[PDB]
Structure formats: C-alpha cells, structure tokens
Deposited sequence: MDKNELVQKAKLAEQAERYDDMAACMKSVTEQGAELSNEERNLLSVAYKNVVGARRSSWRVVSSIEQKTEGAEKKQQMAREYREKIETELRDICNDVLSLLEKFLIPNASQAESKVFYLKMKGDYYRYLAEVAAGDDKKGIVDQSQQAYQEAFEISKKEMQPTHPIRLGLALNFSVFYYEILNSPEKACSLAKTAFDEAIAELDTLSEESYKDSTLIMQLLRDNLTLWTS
C-alpha cells in the first residue's frame, strides 16, 4: 500500500464506478499523514460524495415511502429500513469528519485547501442534519454552520469571486440555509450576491477553471429561479 499505488488504484476504482474501493484507497492515503495534493483531495471528495450519496438517495426514497403509507406492518418495515440506511450514512459521515479533524484541516497549508476542507466539513454535518432526530440535531446544525461560516470568511478575504471553490461554497452554503435552516430569504441573498459578484469580475477567469466556475454560476441562478417561483 504505497501512496502512488493507492492513488492509481483509486483512479481505477473511479473509472470502474466502484466508489467504496475508491474511498478505502483515499482513506488510507489520507491516514499516511501528508498534505494531499489537488488531485488526491478531489479523489477523496468524489469517492465519499458517491458513497454517502447512494445512502442519501436511498434514504429519501424509503423515507417518502414511509410517509405515503396509510398500515402498521408496512410502515414498520419502511421505518426499520430507513434506520438501517441511516446508521450506514452516519458511519460514513463520521469517517469523513474524523479524517477532516485529524489530518486534512490541520495540515492545510493554503487558503484554498482550508476553505475546501471546511466546506467539506459543513457538507458532512449537513448530511447528518438531514437525518437527525431533533435533540442532537441543533448541535449538528451548529457544527455545519460554523464550518461553512469560517470557510465563507476565508474565501471572501483570500479568493476572487469567480474562483470555483468560493462559488461552490456559496452554492452549498445557500442550500444549507434553504434546506436545513428553512430560510428562503438568506439562501437567496447568499446565492444572488455570489452570482452578481462573479458576473462583475472582468477577465478574472483562467483557461483551467472557467468551465467549473460558469457551471456553478448557472447552478446558483437555477436555485434563485426555483426558490422564487
């Protein structure tokens, strides 16, 4: 289990759409203690997004089936299956959050890295919050918001408005306001100013990042249109 070997295996697993393997590879890479490159960071991020994503997708289907059933035998099955999916989901989120606290955030030598990992921390507490019961929830929601907020402040100070990480943070942070806090108003103003400040930046883009930035801008505006129908 060499660093290059594990990264190469992670890229193979990605092409094979075998995301558990991919996450396992990048988990052990992260655990070697060294600061991840841009490439590795993205591989870790993509792997766990897919690993949690599958459970989040399943959770929403099973949860909706539980809510649409009017007897006790069928509901208790949907309920028990939701709870099985929930524990898998929490195990995965806590894996990622542990990696973030122990290795990734401490070793982040640049503002880019810092913001990226703090956004990631916000995301995985937000996924725990989607699934929270209510007592633990308020504490989960505050962790998410603190992570996003610290990231938001570093991004404003240290990155241009058209930077894909800054735009991506705005998108996710706005989704957090809408879906976790239930504030359409805060979600809209966050998304709007991110879009408008990016539109205003004149030739701030570069040949590498322009495709991702303009795509996230489109996703910001899509949310604005949806949220004021």
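Student: Tell me which segments of the deposited chain sequence are not represented by C-alpha atoms in this structure.
Tutor: The deposited sequence has one unmodelled segment, at 71.
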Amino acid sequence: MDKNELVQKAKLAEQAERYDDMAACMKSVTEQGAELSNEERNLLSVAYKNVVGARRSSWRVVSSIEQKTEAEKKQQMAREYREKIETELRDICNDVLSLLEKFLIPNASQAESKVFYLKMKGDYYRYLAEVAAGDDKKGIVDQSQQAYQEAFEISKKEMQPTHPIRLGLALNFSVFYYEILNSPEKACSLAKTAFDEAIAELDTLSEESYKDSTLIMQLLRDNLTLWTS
From here on, numbers count along this sequence of modelled residues.
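We call the rigid core whatever largest set of C-alpha positions still superposes within 1.5 Å between the two forms.
Student: Just give me the stretch that moves more in 8 other deposited structures of this protein: 195-203 or 180-188, judged by RMS C-alpha distance after a core fit.
Tutor: Looking at 180-188 and 195-203 in 8 other deposited structures of this protein, the bigger mover is 195-203.
Student: After superposing on the rigid core, which of 72-80 and 125-133 has its C-alpha atoms sitting farther from this form in 8 other deposited structures of this protein?
Tutor: Looking at 72-80 versus 125-133 in 8 other deposited structures of this protein, the farther one turns out to be 72-80.
Student: Should the higher mean CA B-factor in the entry be assigned to 57-65 or to 43-51?
Tutor: The stretch with the larger average C-alpha B-factor is 57-65.
Student: Quick one: higher average CA temperature factor, 111-119 or 134-142?
Tutor: Higher mean C-alpha B-factor in the PDB entry: 134-142.
Student: Sorting the chain's modelled residues by C-alpha B-factor, tell me whether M77 ends up in the lowest, middle or highest third.
Tutor: As the PDB entry reports it, the C-alpha B-factor of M77 lands in the highest third of its chain.
Student: Give the position of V175 by CA B-factor within its chain, expressed as the lowest, middle or highest third.
Tutor: Lowest third, going by the recorded CA B-factors of the chain.
Student: Lowest, middle or highest third of the chain for the C-alpha temperature factor of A71?
Tutor: CA B-factor rank for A71: highest third.
Student: By its CA B factor, does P161 count among the lowest, middle or highest third of the modelled residues in the chain?
Tutor: According to the entry, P161 has a C-alpha B-factor in the chain's middle third.
Student: By the record's CA B-factor, is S37 among the lowest, middle or highest third of residues in the chain?
Tutor: Tercile = lowest for this residue's CA B-factor.
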